[PDB]
Each structure stands twice: as structure tokens, then as C-alpha cells.
Amino acid sequence: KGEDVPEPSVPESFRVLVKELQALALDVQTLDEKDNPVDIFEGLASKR
Amino acid sequence: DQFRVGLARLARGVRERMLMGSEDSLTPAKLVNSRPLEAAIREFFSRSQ
Amino acid sequence: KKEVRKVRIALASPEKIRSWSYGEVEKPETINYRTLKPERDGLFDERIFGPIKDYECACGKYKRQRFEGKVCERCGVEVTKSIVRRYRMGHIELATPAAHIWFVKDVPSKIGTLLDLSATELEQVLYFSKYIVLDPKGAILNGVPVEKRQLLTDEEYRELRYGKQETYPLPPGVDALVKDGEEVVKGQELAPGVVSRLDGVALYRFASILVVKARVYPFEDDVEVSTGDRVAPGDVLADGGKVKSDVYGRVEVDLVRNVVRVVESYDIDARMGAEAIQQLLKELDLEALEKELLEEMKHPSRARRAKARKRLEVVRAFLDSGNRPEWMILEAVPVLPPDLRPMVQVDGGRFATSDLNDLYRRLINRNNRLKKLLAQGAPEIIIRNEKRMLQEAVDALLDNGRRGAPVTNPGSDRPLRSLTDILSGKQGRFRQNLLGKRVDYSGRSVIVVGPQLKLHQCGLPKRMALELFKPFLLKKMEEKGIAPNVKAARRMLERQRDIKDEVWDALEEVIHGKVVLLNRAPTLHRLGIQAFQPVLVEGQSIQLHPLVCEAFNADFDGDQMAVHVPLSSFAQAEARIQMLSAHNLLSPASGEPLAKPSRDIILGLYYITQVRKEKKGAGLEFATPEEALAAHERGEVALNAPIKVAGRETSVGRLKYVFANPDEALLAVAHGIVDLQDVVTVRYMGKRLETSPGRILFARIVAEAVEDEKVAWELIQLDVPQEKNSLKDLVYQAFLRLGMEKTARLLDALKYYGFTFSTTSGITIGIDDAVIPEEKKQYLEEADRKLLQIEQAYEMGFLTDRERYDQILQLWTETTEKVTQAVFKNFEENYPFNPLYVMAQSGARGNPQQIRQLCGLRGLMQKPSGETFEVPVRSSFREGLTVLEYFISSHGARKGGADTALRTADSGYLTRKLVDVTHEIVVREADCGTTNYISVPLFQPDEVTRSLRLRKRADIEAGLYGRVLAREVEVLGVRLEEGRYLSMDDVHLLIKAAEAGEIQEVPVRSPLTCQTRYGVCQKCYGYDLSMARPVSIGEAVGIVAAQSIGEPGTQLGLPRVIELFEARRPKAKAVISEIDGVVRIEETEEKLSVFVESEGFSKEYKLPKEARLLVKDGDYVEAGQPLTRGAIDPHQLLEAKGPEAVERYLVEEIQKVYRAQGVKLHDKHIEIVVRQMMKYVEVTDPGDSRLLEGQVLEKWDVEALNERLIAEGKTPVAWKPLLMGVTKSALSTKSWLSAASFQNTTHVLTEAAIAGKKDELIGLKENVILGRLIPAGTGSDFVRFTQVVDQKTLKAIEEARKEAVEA
DNA sequence: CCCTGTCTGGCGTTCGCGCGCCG
RNA sequence: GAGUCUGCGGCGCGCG
DNA sequence: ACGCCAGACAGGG
Ligand SMILES: [Mg+2]
Ligand SMILES: [Zn+2]
Ligand SMILES: [Zn+2]
């Protein structure tokens, strides 16, 4: 198009890593300004 | 060396069939199985470092 | 849509295992061959993990994107691509618990330390083998009251539940000596042969007697109790409240004897193994043990209090962060996604699946078989035997190898890659993220010199470009008439014979002002990658500029360089502004240029500027007679006086020719009157200068490169042949004086002429060119005969077997060095212009030791071990190096090659470790106000016992160049202000002053004393950006430092540097004086002794036989002073002389090695690093948290600052400076992400989990993994926000403000 | 019961690129 | 109004 | 094979 590239979405290696780590008892959660949630997996993790 | 590693593997299973074969007719197939020797030798000429 | 600013590892709640979970994998069914579809509920079922297909469902009720977020009414399939299949998780519900191997086998057993059990052996004892525990209450005895938390066995537990049951068989036809339910005591004969072993009630079996620790209460009317129920003293049993029990216990209503026996054992709750630890873990009230430990900690002696302190941190971290410790036990195993571990079709029908599945099967199978083995009937031995295998299985998926190594059946004795394996190591998962390994717009080919090219550009193969800038080209095709659309333009290019010449026009046009990055094999420093303007060229090879060949270690025997392309208009910006070649001329290590003319350039630029000398046989005195002018000018015309004679004022060569204007001089050259290397007279701007044409020509080239002709002679020396150094210094000067890009112009200028002059010069190696000194024959014979004297001196018995050897070595060691200066002496006096020689003298190519091996002789080559050979290598390479001398010399070459191989690995590793600790260090500031500076010494103590000396020019320069004075210093007349950055010239001043004797030290800001916790400021770092002005805020200094140290290392030696970055106890230790008084020595036989003493006390220093002490009986010895000779132990020196001493020790002692090897790196760097070695300290007087603790220095400065300043109550937080090595500081830092990268991913995470650790992302390592923007650089909070304006939009916005006035 | 010492237990070991082979 | 799926781990050697 | 760090236990007062 000759346009300006969008701004990066989370890299799959990270996503692949969090779950790898989730495979292990450990729970890796990303957090916000005040320690609260944020979502790396855009919407496939919430259930149903 | 590998040929004798394979001979042991064959001799391993052949001893199991000394007990498996009902009566005397057990010389041919009751004692020999070419599976080990093949995998062993083969393994050496295509996979050995 | 928010930004991920903090990541956090926390333990998993079983409920959370279920929460992230989709379905439960309950059967070992991979995929059934007939249909490559997921078998049943199994490991790959799509419910549990996700849509096997695109957007479509199961059966196909809904098949596109319109209803993307809804599930099929009849079948539950929500869909995105099959990615929802690769991100979802499934869980397996284990039968009886098992524990994480990550928490149980880490050196410090997180559960062993928390739970006071034998840290490593009691665990392994009951975890994998057989021992059981009692939960709330169990009123009856074993001998003692109920064990609230202790553990019992199945046999003594068995006995308890049915009373005291022990069955006693009786031989057929034999009658017993007791009645059906008679009270039997321990030792009583229950029959002739049988004898009871315990008290209780003898019950009849059909054949056998079963005694029971119990009482027996007969009843006439019906029973109110039932077999199995528990009873206490009082509890009714039968006949109404008439028959009551008297003891706690189980019940057995025997209606065969119409009686109710109450076996001694009542309500007893019981369970063992992971089961036993799950119980204990649940019953602990962390608060209580916390308090308990507090007391234990500060009150008893150091043995049990020290244990309580290491036992209090874990309890702490749990309560503190929140996420409680009962989840350390596994009862729900999370199943990694399906797509992650590939079930793929290989060849002919072969299928490959990630080994993880084999281990998952293992666990599933065992858990199931266990479920079945407990429901069928449970014989103890077989239950444990399985729980064991079970427990081992659980390890397998988590971590294989900690304990034994599982293998796929006979095929490959290979450990199935366990989850730990996937997350750790060199090529692991944590390493794949951090280094992010494969670019989309990349390329690589063989490089080839591009002489005409300017540092600004690089020759890139058009064919390479076409693919590289393909999408950018496609669009441009459409902008023009070559192609209708993108897909069109693509097909147009899918074949090589289809490219219209018009496409090249388009590409040539698309790369117009864009630039690409080039990479070299090992990326040692920031210049390991540089940006250039691609100038499309034909062929395979990539044209690289010669001057940059120095930055990337690259010659042209086949080295290949990679190529990337900046996609964003932002990336391109930075890439061409701050990453291009021509703007990064100086090196980040030293303020010396890196665009120095290389070997080829210098050879050319040298040749042209040298003066020749020829023959003086007749008088050389024109200085005085006028008849000397005439006579020696006619004598020259004759054959007697040369054109370049040693004739003080002017050799006839100057008398004959005088040149007015500058040009005048070179025309005569071109006409064959004067060689360029000849000595003539010339009239310049205001002087009659006596200098050779060549020298004058060089003057012009520079003067032309940069038009400010006067400023060109101000910074050049035409009084000597241009050496790599004279040139090196001309670049540097030119950089400071005239400006960056103008310098770049000068470089290419020299580059161009150096190269041209080079070809014309005709310098070439010839066999005869290597010239052997006539003195070689002498020195060898002279030393030969002397060797006989040494032999005759031993054949008599005067010299010891050793003395003989050491003396002979010294004969050659000197004789060889003798031939060395001899050869050069020959070239200097007789062949000034020898091909081999000139190359070596000119910064070009050659090494004094090398030349020797060709014309002189390469004499001593050591044996395999190291002991040098007694016989030397009498030959040169000019003449036949003989058969054996070759072999003999071979041994050394081989050790050299092996050495180079192991140094390369260790050089990259050192760069890894330096980065592991200094990556976070970045410049983000405001002049940090804490003025605590470092003083750069200019003089050194002991070379010779004690004599003060001026440190080397080099060394001192290394210490004060481009630094920021801490305080004002009035030296030789000038007033060096505070905060001023001393230029090289300024550091030339201070040395000249110390010469006079006005200054011994220099107050200067340094990273060693910065206040900025995470980071370093502008005034503290200093000058050296790649540019010569002060450091710009937002420069990754940590790395830049780590790199400048890791490159030179490959030249080192290194073993010491390691001992130094890593606080260690070197080979030859030197006892440091912990006390400062004076010294004194003793004479007794065995051991000597150096004592630092006072009439009050002495610090006894045991100095064995081999140790050489140089402090003598008599004078003073400050704390941490060398009392022995050699290396020192940082820890002791820290204790004795203090931290300000360790830091400065480390620094100087590290520089010692590179100095001695030619490397010239600025102290700044080793400081950055060493600082981090000490970013931690121990605590001795608590406030917030308990005493023994190793925490971040500055985080205490925070604590103490607000505890005394903002909130009252001066609870002084007394700490102790702690010294740690680069490696341990990285291992143990704040964030875990960084730590997960090197040490042990296994440990790092364990702890970080336990204590819900919130990784506040600061530093470039941790924040790179996330693929998030770098906290340093443009992500620099200083410049991440900066807007631009046009006076036109400035007025328009003001018009927006004006419209704000209502009505 | 304390401090000191000794074997003991766990981890780590440049970078990039080619080619070719194998379940 | 094109986009899927394959190339992994290791081994050996060779260049830089 | 090695090297290094950190560890848990056992011996001599
Ligand atoms: Mg090369
Ligand atoms: Zn459906
Ligand atoms: Zn500072």
C-alpha cells in the first residue's frame, strides 16, 4: 500500500512460552499499571 | 563389534524360544529372527556418527 | 488494548488449573490411523483443545466468519483458526497426589527447607518409597497419645483399626485353650502350639484365632452399635444404656458369641507419600512459624538461628506476596496444548510427535491403572510400587534427568525432551525468545572489497535486493505501468526470464534513500552491525567498504556477511541516523578512531611521505662555506655527492632545486626531475620549508578533503612518514576540530590515495626481499661456542642439571633478540625501502617477531607440555626449515590452534555474563546530585619496591580522557572548572602538570559512585558516545561496556580476567593484611611469618615455604596491602581495606591484562560492570525484614532515607558491603526473567513462583523477551514523547484556542 | 550441642551458514 | 477477493 | 571429562 506498518501484537514465542510455563504448575499472568490483569492472548483464553 | 552386538541381540531372543517351542521341530524359525541383526548392522552404516 | 507493563509468576491453584482448562484428557488416545482424526476424548480431542479446522465447525452447522463468536447449538464449536486449538489447555485429575520435581529436587528443597524435614533425604525417603500420617484426632494409643501430625506405618496402623488383629492358625484337629471370645493376655497359649503376642480378645475363625486389642461387653438384648463405628468411654453399645463402652475404639458386633468387643482404636484419621506432605502443608500457620522463627533467629547462638533465618525467607515471601504454599503439591496436572507438540505426517506414513506425548501417556496410564488398582482390591506393596512409578512419571514431563532418564523404546537412548528441557539452555525456549532468532527480510552472501565505494554505501547484489525489497518493489510496479496489480507484479517476477529491464528501474528507485544493515560472523561490538546505502550491483558477491573491514573482523578469504532491512519509517530513521557507518567513526571502547586507515591504505600513504638517504664519502659541511655550495654541487653532478647526503643544513639535493609555488614542486616530479621521496625546498604560505614533494602532496590531499586549508596543517605533521598512528591521530583530531561528516570525507580521501599510491609504489615481496643479516652467522657462532663453554662447565660438575638448562635458554633468549634488532638494523641503514620492511614499519602489514622467522631465525619452540626445547630452530623460512625443526615447531602451533578454539567460546560467554548483569544499565537522567566521586590516580607504587612514577601516558589517558571532573582543579595556570569534560588535550595538561609536581590525583565522576539505582547519568558516564561529545541520555551503556570488554578478550590472560569478574581465590593467593600497622618477620625453621603489628596486637600471617613476602621487618602496612606476592582475594581485601578499595582493585587489576596485550579500553566500561558486582549488601540491623539477608544496596538507601527523613523513628538499617562476581549477581538479581535466561531456569522460576514475583520491566534483557519496546533507546522515557510542528500548524492550533472564547 | 572440614549434589560449557542423513 | 502446508532433535564434515 | 558453587552431615571439643 505504501502505508505505515501497524503496531506489534504480542509475539507467539511469548505466548507459546506462557503456556509452556502453564504446562508446568506455574502461572504467568501479565499485569497493568496498578497490579491488575492485561491480556496477551487476545481472547482465546476466557472460557466458552 | 556391531555385528557381535547384533549377535547378542539375536541370541537374546533365541533363548526365549528355547522354552517357547513345543517339541523338537524348532531349529529353523523357532530359534532365528533376522530383525535384530538387520537393525543393528543397518544402524551402524547409516546412523553411526 | 492496554500495554503489558508487568509480568508475574505465581503458584497455581488447583481451581486455577481447571479455570485455564478446557476439558480433561482422560484417555491415552493420540490419533486412530484409519482417520488421522483425534481418537476419543484423548490428547488431541478438539473440544478440550480446539477446532481441528479453519473457521468451520465439527459437523458443519455454522461454517464462516459472520457468526464467529457463537457455538453450535448441537455441538459446542466456537471458532477462530485452529489457533484456538494450540492455545487452550487441558487438565488431568490425578488419583493420589504427586509433587513437582522442580520444587523437591532443586539444591535447596523448597519443601524441605519450608517443611523441617531432612532437607534432601527424608523427602526422597517418603516421597518415592513407603511411610503414612494422622490428620485431626485419633484418641487411641500406640503407647503414647495420638500423633497430631506424625506419621505411622500400615502394619501398626493395621493393628489399630480392627483392634489388635493378628491371626493365629491352628493345625487341623487341634483344640484351643481359650473360649470363642475369651480375654487373652500377651504370652498366653491360645492353643498347645500357638502363643498370643498381645493383649485382647481371642475370636474364632471357622482353623485359626484372631486376637484383638479390645475389651468385650456381652449383651442379651439387641445391639445399638454397628461393626466399623468408633466409640468412646460411656457410649452405649446394647440393651439400652445398660451396656456401655469403657475405652475408645472400633467395633465388631460378633453375633456368634452374642457379644460386642470394642477394640482399643477409635476415630483415627490417616494417609502417606505426597499425600503425607499435602496434609502437613495444609496444617501450617505460616504466621506462627514466622513469629517462632523471629525469636529463634535473634536469640539463640548462630547454629540453630542461622537455619531459622534461611527458613524464614520462604515463609516470608509466601505470606508477603500472597499466593499461599499449599499448591506446591500436585493433584491436577496441566496438559500442554496439542498443536505445540506436533502430531505430524512425515513420509510414506511415518508419524512424528513431540516426545512429550510419550511421557503424557506414561502418566495417564499409571494414574488410571492406579485408580483401578485401588478399586479392585488393595495389597499395600502393589499400591506403593505404582504410586512410586506414578511419582517418577510426573517428574518425567516436568523435568527428565533430575532423577534417572526415561527413554523411547530401543531406537534412541535419548532423554525424552521434558518440559524443563524445553524451557532451558543454549538452544532452549527461554533462549529462543531472548535472542529472537529469524528475520523475515534477511539475506546473506559472500563479501568482496569495494574500493571505490564510500563508507556511506555498500554494494548489494540487485538479485538479492529484488527479493529483499520485494513488497516495496511490487507496489512501485503498480505506481508505474510495468504491472497492473500486486498479484500481477508477483507473477511477473516468479520467473527470472520474465523480468522486464523496467523492473530494475523500479527497484533502483525504491531503494533511493533507504539503507540496509550488514552483519559479520561473530557480533562482538555495536559496530558488529552497520548501516549503508545499497548501490545495486551485478553478481553474487556483496561489495563492502575497506575502512569498515576493521570494525567487523572481516578479510576477504570468503567471509560471508548477513543483510537486513529496516521496515518502519522509524527503524529506517534510526538505522540511517545513529546506525549508519559514516556516523559511528570512533569506537565505544576507546576514544580512538575505528576508521583508521588499514594495512593497504597506510602502506600507500607511507611510501609517498618517506625521505631517502644515500651516500657521504666526501665532505658534508655546506652549512658554512660558499665554496662548499659550489664544490659539493658539482661533486653531486659528478658521482661523489648524492642528492640526499648527510649534510646538516642542506644536502646538494636542496641546493639544486628550489620550488616557488606548491604546484611547482609536483610538476617537476611528473617530469622526472624529482622523486616524491626526495628532499627538496619549497615555498609555502609564509615559510621556506625544507620538505619532500610527497609530504607536500599529502598536505594537499588533507587540505582538499577539508577545504579549511589552514586548519588542515594545524592538525597534521609533515615532519615524519605517515604511520597508522600519525594517521590515527589525524582522524581523531579531524573528528573533534572540523566535524563528523567532514571527517568521513577525509577518510575516503586518504582511502582513495593510499590505495592508488600503493599500486604505483610497486611494493612487493620477493624471496630475496627477505634479507638475512650478515651478522646472523656471527651471533650464532658467538653463541654457539658459548654453548660449548656451558657444556664443558657441566661435564666437570660445576653446574647443576638445572642450571645448565636455564643458562642455555638465556643464551638463546638473548641471541635471538640480538638477531632481531640486527635484521631491522640492516633494513634501517642499508634498505630503507625494502618491500617486507616498509610493510611492517608502515601501519600496513608485518610483525617484528614474524620478520625474524623469515630473515632472522625462529629459534625456540617448546615441547608438548610447556618446557621449551633445549635445541633451537637454527633456520629461517628463507632457507629450508629442516625436517625436524619443522616437527618440533609443530607442537606449539597445535597448542595455539586448540587455545584459540577454547578462547573463542569463552570470549562469547564472557560477553554473555557481562550482559547478564550490565544490560539493565542505561543512561536516563538529570545530573544525579550525589557527589561522591572517584579519584583517578596518575601515579603507580611498586614496579621497583617503592618509587613513585608517572603512570603510563596510555593508562592515565585511559583513566581521565573524556571524564567529568567532580571538583574544580587549578593546575599549571589554567582553571579547570567543575563538571567540565576533559578532552585528550586536557588530560595532556594534567600529565604535564604532574610532571612539574602540582597534582597527584584527579576528582572525577564515575559509574562506581552513581546514585541512579537502575541507570547511570550523563555527568557520571562521561564523553564517549560513538561520537566525541557528552553521552546522550538513552544510550545502552551496559551492553556497550559489556561488548568493549568481550572483544579484546579473544586476544588474551583471560583466566585471570575471569577470576577478577568472579570474586575468587586465585591460584597464587597473597595474604592481605587485615590490620594496618607496620610489618615484622621471624626466622624459625618450617614456616615464616609476616606480622602486621602494634604494641597492642598483631595479625599473624602464616606464610609457608613457597610464598615470597616482600614487606620487611619494620614499616607500616595499610589494610588490604600485599603481605605475600602475586594475586589477591577480593573478599579479604574488601574486609581489610574496604569497598572503595575492592572496586579500584578489580578495575586496575583487570586493565593490567589488556594493557599488557595491546588492548586499549577505557576504564568506564570495567567500572559499569564491577559496580553491579556490588549492587548488593548484607543486613545486620533490621527494621522491615529480618537480619541475615542479601538485598539490593540502593533499595536500602530507599528504606533508610524515608525511615529517617519522611517517617520518624530512626531505625538505622545497618548493612555490610557484599562483593559478588558478575555471574552470581546475574544469577541472583531482582526480576526473574533475566535470571531465567542463564543460571538455572529450574531454580530461578521455583523461587520467583513461590513468592508471587512481579517483574517490573526495566532493563533490556527482560523487556526483550516480551517483544516489547526497549526501556532504553527511543523507548527512553526522555524522548519516547516528542512532537513536531510547522509554523503553519502552530498558528492553526492557536486559532483553536481563540475560538474557545464563547459569545 | 557449636564450629570446621570433607565429600557430596546439581549446572554449565561463541556465533552464524553450507550440506546431507535419519525416525 | 489466493493461501495452505511442510522443513524437527541429533549427528558428521567444511567456511568464516 | 572438568570446574565451580552451594550443601548437608559427621567428627573433635
Ligand atoms: Mg576471513
Ligand atoms: Zn457442529
Ligand atoms: Zn550519576
# chains A, B, ... in the order shown; residues from 1 in each chain; ligands from 1

$ interface_residues --of "chain C" --to "chain E" --cutoff "7 Å" --atoms "only C-alpha atoms (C1' of nucleotides)" --output "list in words"
residues 521, 558, 559 and 560 of chain C

$ residues_near_ligand --ligand "ligand 3" --cutoff "8 Å" --atoms "only C-alpha atoms (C1' of nucleotides) and all ligand atoms" --output "PyMOL selection string"
chain C and resi 927-930+1005-1007+1009-1012+1016-1021

$ write_last_selection --atoms "C-alpha atoms" --output "mmCIF file, in the first residue's frame"
data_model
loop_
_atom_site.group_PDB
_atom_site.id
_atom_site.type_symbol
_atom_site.label_atom_id
_atom_site.label_comp_id
_atom_site.auth_asym_id
_atom_site.auth_seq_id
_atom_site.Cartn_x
_atom_site.Cartn_y
_atom_site.Cartn_z
ATOM 1 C CA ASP C 927 22.772 15.273 36.590
ATOM 2 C CA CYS C 928 22.491 12.916 39.515
ATOM 3 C CA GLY C 929 23.157 15.086 42.513
ATOM 4 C CA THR C 930 25.015 12.632 44.754
ATOM 5 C CA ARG C 1005 32.617 11.456 38.427
ATOM 6 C CA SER C 1006 32.255 7.747 37.686
ATOM 7 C CA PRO C 1007 29.634 4.965 37.456
ATOM 8 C CA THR C 1009 29.561 6.053 42.618
ATOM 9 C CA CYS C 1010 26.285 6.911 40.819
ATOM 10 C CA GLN C 1011 23.057 7.432 42.730
ATOM 11 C CA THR C 1012 20.640 6.370 39.991
ATOM 12 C CA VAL C 1016 23.780 5.933 35.127
ATOM 13 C CA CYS C 1017 23.664 9.664 34.368
ATOM 14 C CA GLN C 1018 25.361 11.935 31.816
ATOM 15 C CA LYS C 1019 27.815 13.620 34.170
ATOM 16 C CA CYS C 1020 28.831 10.216 35.629
ATOM 17 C CA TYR C 1021 29.368 8.315 32.415
#

$ select_by_dssp --residues "chain B" --states "alpha helix (DSSP H)" --output "ChimeraX atom specification"
/B:2-20,28-31,35-47

$ residues_around --residues "residue 15 of chain D" --least-positions-apart "2" --cutoff "10 Å" --atoms "only C-alpha atoms (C1' of nucleotides)" --output "VMD selection string"
chain C and resid 520 to 524 904 to 905 908

$ closest_residue --among "C:157, C:137, C:410, C:257" --to "chain B" --atoms "only C-alpha atoms"
C:410

$ residues_around --residues "segment 31-37 of chain B" --least-positions-apart "5" --cutoff "6 Å" --atoms "only C-alpha atoms (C1' of nucleotides)" --output "list in words"
residues 6, 9, 10, 14 and 17 of chain B

$ atom_distance --atom1 "atom CA of residue 364 of chain C" --atom2 "atom CA of residue 91 of chain C"
11.0 Å
